[PDB]
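Next up: a single chain in structure tokens, the form deposited in one PDB entry.
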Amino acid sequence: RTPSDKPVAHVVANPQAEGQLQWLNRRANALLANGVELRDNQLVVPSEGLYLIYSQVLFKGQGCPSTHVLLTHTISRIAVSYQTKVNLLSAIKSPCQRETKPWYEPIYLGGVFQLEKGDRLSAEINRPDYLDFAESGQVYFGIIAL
């Protein structure tokens, strides 16, 4: 019947953005609906409430170097009333333990959070050079109002 009025977003990484994790909505199977905006690479919350927040990144390397590789993926919240950047969800992986075959490290982050109107959300990594885009659906960021 009547379509959903729930604020939602599902944005995907730009495979040809050099040295960055750039989010896009103008792609097949990506979206912004019911007031969610994508501004300065951040998802902007249109109304207060409970939201599921999620992101996936996929890292890939060919063997292990001598300099220690640390991979991080973090979802942050910038609340309009506080004007502060706070981690909501974060993970750190060390793909190489003993040093030198291609390795793969997916990092999926998800949770339920109380958000405020105007909050800004970012999903970031430290190593965009290790991102893999072999297939579609491997690198994404989204929110769903409950």
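We number the residues from 1 along the sequence you see. Between two forms, the rigid core is defined as the largest C-alpha subset superposing within 1.5 Å. Only residues modelled in both forms are compared.
Separately, the form deposited in another entry exists; it is not shown, and the next lines address it.
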Among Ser90, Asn34, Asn29, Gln114, which is the residue that shifts its C-alpha 2 Å or more between the shown form and the other one, core superposed? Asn29
Compare the CA separation of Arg127 and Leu32 in that other deposited form with the one in the displayed structure, and answer closer or farther (the difference is at least 3 Å). farther
Tell me whether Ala30 and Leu109 end up closer or farther apart in that other deposited form, going by their C-alpha atoms; the shift is 3 Å or more. farther
Stretches between the shown form and the other one where the CA atoms of at least 3 consecutive shared residues shift 2 Å or more, core fixed: 26-32, 66-68
